[PDB]
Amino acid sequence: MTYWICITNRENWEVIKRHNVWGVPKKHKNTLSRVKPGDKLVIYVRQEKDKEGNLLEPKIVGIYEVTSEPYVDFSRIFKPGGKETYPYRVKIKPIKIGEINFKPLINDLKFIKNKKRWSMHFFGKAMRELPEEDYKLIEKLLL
């Protein structure tokens, strides 16, 4: 098996939730090739600003299970300034849906080596493998 944390934002999270699809750009197709049916996905939305200008901190919004082998589909379901379609995809199904702030978990997450500059572990990543302990920690807090 394999646990993963997928990095997106709130607008794309809504699409993910509606279409039961996790997609990535070509540059990250390599990572997706390792994904298998049954793998677990922790959905993460990065820090953003609402229209009003208010700060929306990062947080985990759900957990899904992969149900398909990776495939390619250029359908325009997502939304980038650019025109990326995130054609490299795997079908998924929801295990649990609930939101919890991410920051408070940083100290307890094993994959985050540098607590100071944790962004480092997210930088230029679409998704990354999570150690089992980390997954369980999140699973519990999201029950």
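Position 1 is the first residue in the sequence shown; the rest follow in order.
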Gap size between residue 81 and residue 80, counted in deposited residues that the entry leaves unmodelled: 1 to 3
Residue range whose averaged C-alpha B-factor is higher in the record, 50-58 or 86-94: 50-58
Mean C-alpha temperature factor, higher of 63-71 and 25-33: 25-33
Ranked against its chain, the third holding the CA B-factor of residue 11: middle
For residue 142, the third of its chain into which the C-alpha B factor falls: highest
Where the record places residue 40 (Cα B-factor, split into thirds across the chain): lowest
